[PDB]
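The structure appears below as structure tokens.
Letters A, B, ... are given to chains in the order of the sequence lines, protein chains preceding strands, and every chain is numbered from 1. Keep in mind that the numbers below use all heavy atoms, side chains included, and drop hydrogens, waters and symmetry copies.
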Amino acid sequence: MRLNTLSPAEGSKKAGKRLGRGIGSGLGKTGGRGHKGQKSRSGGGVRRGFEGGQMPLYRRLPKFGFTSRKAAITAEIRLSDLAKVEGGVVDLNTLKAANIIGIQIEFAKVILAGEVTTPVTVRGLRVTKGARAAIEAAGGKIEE
Amino acid sequence: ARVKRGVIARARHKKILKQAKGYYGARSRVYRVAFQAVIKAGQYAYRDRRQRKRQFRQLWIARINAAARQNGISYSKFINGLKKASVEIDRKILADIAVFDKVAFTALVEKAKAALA
Amino acid sequence: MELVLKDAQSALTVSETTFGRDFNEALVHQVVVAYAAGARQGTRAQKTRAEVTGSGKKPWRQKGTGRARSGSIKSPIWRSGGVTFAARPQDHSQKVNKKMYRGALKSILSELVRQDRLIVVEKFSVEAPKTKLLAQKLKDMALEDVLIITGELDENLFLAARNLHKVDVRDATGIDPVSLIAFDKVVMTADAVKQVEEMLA
Amino acid sequence: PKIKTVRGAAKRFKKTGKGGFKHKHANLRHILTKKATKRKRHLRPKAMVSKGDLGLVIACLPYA
RNA sequence: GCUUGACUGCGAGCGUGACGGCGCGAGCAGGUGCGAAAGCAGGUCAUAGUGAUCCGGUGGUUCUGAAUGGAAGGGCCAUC
RNA sequence: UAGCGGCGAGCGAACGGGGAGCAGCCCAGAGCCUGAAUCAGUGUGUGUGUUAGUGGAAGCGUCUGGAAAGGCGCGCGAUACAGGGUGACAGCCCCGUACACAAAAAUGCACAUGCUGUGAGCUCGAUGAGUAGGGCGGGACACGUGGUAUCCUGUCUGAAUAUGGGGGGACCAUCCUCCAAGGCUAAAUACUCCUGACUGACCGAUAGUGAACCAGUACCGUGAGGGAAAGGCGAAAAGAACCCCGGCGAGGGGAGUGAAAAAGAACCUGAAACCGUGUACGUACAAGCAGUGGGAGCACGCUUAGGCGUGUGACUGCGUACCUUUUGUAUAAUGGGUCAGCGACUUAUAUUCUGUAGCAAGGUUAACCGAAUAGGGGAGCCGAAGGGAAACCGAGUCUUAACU
Ligand SMILES: [Mg+2]
Ligand SMILES: [Mg+2]
Ligand SMILES: [Mg+2]
Ligand SMILES: [Mg+2]
Ligand SMILES: [Mg+2]
Ligand SMILES: [Mg+2]
Ligand SMILES: [Mg+2]
Ligand SMILES: [Mg+2]
Ligand SMILES: [Mg+2]
Ligand SMILES: [Mg+2]
Ligand SMILES: [Mg+2]
Ligand SMILES: [Mg+2]
Ligand SMILES: [Mg+2]
Ligand SMILES: [Mg+2]
Ligand SMILES: [Mg+2]
Ligand SMILES: [Mg+2]
Ligand SMILES: [Mg+2]
Ligand SMILES: [Mg+2]
Ligand SMILES: [Mg+2]
Ligand SMILES: [Mg+2]
Ligand SMILES: [Mg+2]
Ligand SMILES: [Mg+2]
Ligand SMILES: [Mg+2]
Ligand SMILES: [Mg+2]
Ligand SMILES: [Mg+2]
Ligand SMILES: [Mg+2]
Ligand SMILES: [Mg+2]
Ligand SMILES: [Mg+2]
Ligand SMILES: [Mg+2]
Ligand SMILES: [Mg+2]
Ligand SMILES: [Mg+2]
Ligand SMILES: [Mg+2]
Ligand SMILES: [Mg+2]
Ligand SMILES: [Mg+2]
Ligand SMILES: [Mg+2]
Ligand SMILES: [Mg+2]
Ligand SMILES: [Mg+2]
């Protein structure tokens, strides 16, 4: 183990293509660009979504929907997270202390993702049916 | 990490120029001309590795025909007689014998004449 | 897992995972390469065609001269012109993940124990600040090229070793993966072994 | 710098669970009266982007 | 002669298209018409009779509603 | 991202969080208290640094060599093995470096203290009008007049004034929040004509500044302006006394110097095109990409004979260059007189796929702090759940009155 007996893992350091360095390389002359078009040209290439002037798909299709500002202040909570709080209680504010939900989340919902193996009290939150039963099956006290 | 190209460029040019010795004019002196004369020589040689085999066989056969014609039989009948006689002496060796051993060739001719009779 | 202090009958227990782990060369190589990249002062430039001083005037007209069409006296094709992809300053540093660095340090130390390059002592004391006293100590310990790792910076020891090119004295916190590989032997005080074990664990 | 999402494409597509893209159908904005009920009904649910076009949409929606 | 199936929601599966899309469709739910009944009817013997998206308009729908209650506007459905 | 947007091309926030650094004051006036805070200058004292500088360790012998610092051997110093020099590579020859010291005189930034000016503290009053707001036209706000709040105002107008007003993104109500139309204010931030020190996986004379050189010169241009080329004898000039040819030439030959003149100033190394002298071989009845395959003869070496080596190459088979562009080029299609040198898929950030490594239902930190490539920092980002336009529901959801 010296400064001259340290190799990288095999396969970790691929060469890197060099264009226009002769016949043998396989990227000589046109360097993979083919011959005589927009794409060949330096800085050549149509913009993303350009389909040759045909009405592209993003504009051919209609706009739909709106964005709800509520969805951005609404977070789902997994059962796995209910053990990550300090004190057994699971309020919106102690979930923020445990970095489960964002600091600007006002509404929180516990869903049936993962498992809870603990008596947990959930306060001021919403709870799915499936999630309500997993909490109740472990000493749970859901409180509206 | 700036890289000067002079030492590797000189070598690359000298290698070709050494291969172009004996060539006339710009062909032994000038790299642009020399590189094309070396590549062509390579192409011709490669062609000539195959061409030589055809030429030497062509020579042997004309030599065999002459001897065979001298000894009384055409090449065509002669090679058929050696075939029907199971003789597997190749054209290289028949033509050497025709030149250097004219009595041995006579024997090979009578054997061919025999297997045709 | 145990280390025999060279100068004592007594040994020191340490963690197998830090001093006894396998030698992952790839992780060490990635961390030693990053350290050298992190040492680079990436200070250089060239001049692009825009940065070469001169005018934007067409040297000659587009058509009618039998000359090659030109547009700039600063074209990179031209002698005194710009460098086509002129260099700028750049930071060559790499991200090493926290765990990859500790992981390589643990690997390196394990490989020094396997190669008997790690010496452990109760203490490494030079009394006065003199190379002559330390060079005798290292000649009596049979050491020439050696990284001394103490727990506490001894003023006398740092100074006494400063003029010795093959000797470097560091604190437990001053270790780096290259210096552990680079020197032939590593001498670590007992208390330094404690610090490094707590650092790495 | 950051790639700029093509904002017009962000308003026509939404990423599904297996990385696909749902979009509203064309031909249901106006001129609805000459179109059969049956044609209008099949156009009411969101379709998924076909294989030929997922490259265009993904190019336009990098942060999707 | 009687009538409104030129129905509403859906749709196994096929076809035809680079895509956008276009087309065929039993059967299911709801409600209807004709017929004693079996049944037929989701427009016309079929294949042309058409125009994407944007921007708006109209009606419906308390989905959303930038402190909060509303509203504006937006969305969604139908149509221009 | 939310939005803006011929909803095209593109533009692009904030809320809120993590950090750097924080500092608050005054007038719009009176009175009692009075020079009690505060910087401003402007003197002085004591420390601090700058502008010159002082000392600063330790080596000999031998070998090679023109020369020793190199080799070999045996020693010495090191808070100094940073560097630069010296006849080839020096810790110990030199200059220096670490370390220790130093200022008549002037001056900076800090403190203390003194003269001169500025006023706190209390008490009760006071609370910035052609202003806010509006109409018209424009601009600015990410926001293109859009449903458009908010700021600015060219024009026309024009309030309330603490029981009052502004804002909370059309607008209204309620609630909260602040108080415009008068001002000052350090630090964290930006930059480097210039100076000092130090560094560089920066260049090394077609590079690097245009300029390593008497270069913004020569030269061009009415002028604005444009804008070159050009580095290296040697360790030391020891830079060639003297002699000879020559025109008291140029230049050269000797001599001498020097390790070297095969370093002689037209000077280190001294490539290539290009041009010559000499020797070997061929070539004056021979037709073409000039080679290639065969192959005599000649010359020169080898071999102890040996049909092999080198050079040449009569004669002979085959054979229309290269690049580019093209359906296709010997093409009479393009490009190149030749050599040398330079001359083109980069860099930064985002994003995705692959490989590889680390950790793993968790992964990882950014700025910044700094015990400085450590460690700290988990603010955040991604992922572990999706469906739905959305509310919302949730391993299901949407659709529909409800789904086989
Ligand atoms: Mg190929
Ligand atoms: Mg081309
Ligand atoms: Mg083409
Ligand atoms: Mg192409
Ligand atoms: Mg957080
Ligand atoms: Mg340049
Ligand atoms: Mg870090
Ligand atoms: Mg509509
Ligand atoms: Mg029915
Ligand atoms: Mg018809
Ligand atoms: Mg509406
Ligand atoms: Mg509001
Ligand atoms: Mg409201
Ligand atoms: Mg901003
Ligand atoms: Mg001195
Ligand atoms: Mg000294
Ligand atoms: Mg206005
Ligand atoms: Mg206002
Ligand atoms: Mg309050
Ligand atoms: Mg006021
Ligand atoms: Mg230059
Ligand atoms: Mg040179
Ligand atoms: Mg210039
Ligand atoms: Mg120049
Ligand atoms: Mg003379
Ligand atoms: Mg020379
Ligand atoms: Mg010369
Ligand atoms: Mg002749
Ligand atoms: Mg001729
Ligand atoms: Mg011919
Ligand atoms: Mg053509
Ligand atoms: Mg043509
Ligand atoms: Mg041809
Ligand atoms: Mg011709
Ligand atoms: Mg022509
Ligand atoms: Mg031509
Ligand atoms: Mg030409």
Would you say a side-chain N or O of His25(D) is under 4.0 Å from OP1 or OP2 of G20(E)? no
Answer with base, sugar-phosphate or nothing: what part of the nucleic acid does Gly102(A) contact at a heavy-atom distance below 4.0 Å? nothing
Take the six-membered rings of bases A201(F) and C202(F), measure centre-to-centre distance and interplanar angle, and say whether these fall under 5.5 Å and 30° respectively. no
State the sugar conformation of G249(F) as north or south, using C1'-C2'-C3'-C4' as the deciding torsion. north
Closest-nucleotide mapping onto RNA chain F: is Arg59(A) or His35(A) further toward the 5' terminus? I mean the 5' end. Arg59(A)
Mind checking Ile31(D) for me? I need base, sugar-phosphate or nothing, with any heavy atom below 4.0 Å counting as a touch. sugar-phosphate
Should the pair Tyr31(B) and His13(B) be assigned to parallel (<30°), tilted (30 to 60°) or perpendicular (>60°) ring geometry? parallel
What I want to check is whether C101(F) forms a Watson-Crick or wobble pair with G53(F), both distances being under 3.5 Å. yes
Which part of the nucleic acid, if any, lies within reach of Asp176(C) when heavy atoms closer than 4.0 Å are counted: base, sugar-phosphate only, or nothing? nothing
When all nucleic acid strands are considered with a 4.0 Å heavy-atom cut-off, which category describes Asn156(C): base, sugar-phosphate, or nothing? nothing
Whole-Å gap separating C1' (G43(E)) and NZ (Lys34(D)): 17 Å
When the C1'-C2'-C3'-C4' sign is the only test used, does the sugar of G29(F) come out north or south? south
Touch check for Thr16(D), heavy atoms < 4.0 angstrom, all strands: base, sugar-phosphate only, or nothing? sugar-phosphate
Base, sugar-phosphate, or nothing: which does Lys35(D) touch, judged by heavy atoms less than 4.0 Å apart? sugar-phosphate
When you measure from the side-chain N and O atoms of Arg39(D) to the phosphate of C22(E), is any distance below 4.0 Å, counting only OP1 and OP2? yes
In whole angstroms, the gap separating P of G20(E) from CD of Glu51(A) amounts to 11 Å
ring-ring contact (aromatic ring centres under 6.0 Å, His included) partners for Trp60(B), two or more places apart: none
Touch class at under 4.0 angstrom, heavy-atom based, for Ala113(A) against every strand present: base
Taking any atom closer than 4.0 angstrom to a non-hydrogen atom of chain C, what span of RNA chain F does the protein reach, first nucleotide to last? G77(F) to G378(F)
What is the pairing partner of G75(F), taking Watson-Crick or G-U wobble pairs with both distances under 3.5 Å in any strand? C92(F)
Classify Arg29(D) by what it touches in the nucleic acid, base, sugar-phosphate, or nothing, heavy-atom distance under 4.0 Å. base
Using the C1' atom on both, measure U364(F) against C345(F) and round to a whole Å. 33 Å
With sequence neighbours left out, what residues match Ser80(C) under side-chain hydrogen bond (donor to acceptor under 3.5 Å, both in side chains)? none
Distance to the ring centre below 6.0 angstrom and angle to the axis at most 45 degrees; does that hold for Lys70(A) and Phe107(A)? yes
Need one value for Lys109(A): base, sugar-phosphate or nothing, where a base atom within 4.0 Å counts as base even if backbone is also close, heavy atoms only. base
